[PDB]
Structure formats: C-alpha cells, structure tokens
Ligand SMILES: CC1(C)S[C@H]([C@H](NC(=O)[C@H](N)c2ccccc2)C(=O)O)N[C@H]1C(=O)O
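Here's a solo chain for you in structure tokens, the form solved without this ligand.
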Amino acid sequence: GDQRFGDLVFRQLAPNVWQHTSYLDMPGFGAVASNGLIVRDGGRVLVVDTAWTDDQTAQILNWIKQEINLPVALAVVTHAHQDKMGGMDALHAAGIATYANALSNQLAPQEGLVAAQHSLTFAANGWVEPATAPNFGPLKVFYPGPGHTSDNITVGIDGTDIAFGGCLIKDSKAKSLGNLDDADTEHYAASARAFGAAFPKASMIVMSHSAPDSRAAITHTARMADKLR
C-alpha cells in the first residue's frame, strides 16, 4: 500500500482499516510476508495478529502511535504459529489485552510461543461466544473448523467489505496451500468454504501470505484443499 515504516509495510484498506506486513527470511522461500490487520474503532485501536517477532510487533505499535495516535485496546491472534503469535511479548509489554482461540493458547507453549492473556470459545455455529470477546467492537470472530491448523480462526470487520482468513486462505493464483505440517487434511476444504459462508458480504479477502484478493481466493483455496482428501 506503500507506507513503509521500519522494516514493515502498512496498507490502508478502508478509512479505519490497515493491513500490517512483516517479513521473515526463510531459507529456500525468501523473505516471507505475513499480514495482519489494524482497526480503528472510535477512540481506540484493535490489532489482528502479531508480526513474526517481538521487535517487529513493537514497530507495529510505533506506527500506530505515529499514524493514528490512539491507544491500542486489544489484540486478537488467529492461531499458534510464529507469524501470528511470534510477537506476543511486545503486546503484553505495552499493556495490551490479548485474545486467542482457547485451543491456540493451549497449543502455544509447545509451539514455542506465548499464549494470549484471554481465551475465546466458540458456539455450535462456529461464531465466538460474545461473553468471551468483550469490547471487540467491529471485529466479528469465526472458527471455520480445522484447516491450516486445528485452531485457526478468522475475523470480519463490521462496517466494511473486509474479511480476514489468516493462513487458512491463499490467493486465487497460489500454487499451493503453503505450510501443511499442522493441517487437518480431511477438514480443510470444508473449513475454507465455511469461512466464505460466514462472511458472505465480504468482497475483500485479506490473508496472511498474499495481498488482498477477491472471493476467488476462497474458491481457489477450497479447491486446492479438496485434493487433500
């Protein structure tokens, strides 16, 4: 989106929404982008996903201070992998309340990650139990079922055409589903489709590892995941 701050990139997606992007050198893959979101809700800022590292995550907070200059109220993190929860310490150090799927917090220690302070639980229909997501504002949080990981969750932003698939969703031209080490091969395809069904009005699909795409990204992803079963 062209805003470069330190080693991160910030792209405005809507008047109150930005994508944050951080990079990690992974031999044999290159310098790998990971995307999250920043949302302004009135007088506060909400964050979706950390950067890969604590330092990068501190940089996200520095950008927010400089460009928005409102307090960060809370952060929700999609799953227990380094690109989504690598920077938990920086959020906690800043006094930011953090939230994750209960299962993500249970998985975090063995993954070498810090758990969020708070656990989300999910209803029958996959939607977050409201009582476990206080003050989430426009963030609508949905568990689509196991896919990229057992614990992967997704987030739509109310008042926008934006839904965030995290690492569940790949772009419409992706040549693979990327990392499948912790993937649920049987359930991935249905979980990807369920994400689309939860946010039917979303025309902009934000994801971890490619620039924002149309709903064709969901279509393409589920079709790749089909070949896993």
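Numbering starts at 1 and follows the sequence shown. We call the rigid core whatever largest set of C-alpha positions still superposes within 1.5 Å between the two forms.
The same protein has a further form, the form solved in complex with this ligand, not shown here; the description that follows concerns it.
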{"item": "Candidate stretches 191 to 199, 24 to 32, 37 to 45, 63 to 71 - the one whose heavy atoms come within 4.5 Å of this ligand in the bound PDB entry", "value": "24 to 32"}
{"item": "Proximity of residue 209 to this ligand in the bound PDB entry, heavy atoms at 4.5 Å", "value": "yes"}
{"item": "Residue 185, heavy atom within 4.5 angstroms of this ligand in the bound PDB entry", "value": "no"}
{"item": "Any non-hydrogen atom of residue 58 within 4.5 angstroms of this ligand in the bound PDB entry", "value": "no"}
{"item": "Partner proximity in the bound PDB entry: residue 179 to this ligand, non-hydrogen atom cutoff 4.5 Å", "value": "yes"}
{"item": "Contact residue in the bound PDB entry, chosen from 117, 132, 82, 106 - any heavy atom within 4.5 Å of this ligand", "value": "82"}
{"item": "Residue 43 C-alpha moves between this form and the one not shown by 2 Å or more, core aligned", "value": "no"}
{"item": "Core superposition between this form and the one not shown, C-alpha change of residue 27 at least 2 Å", "value": "yes"}
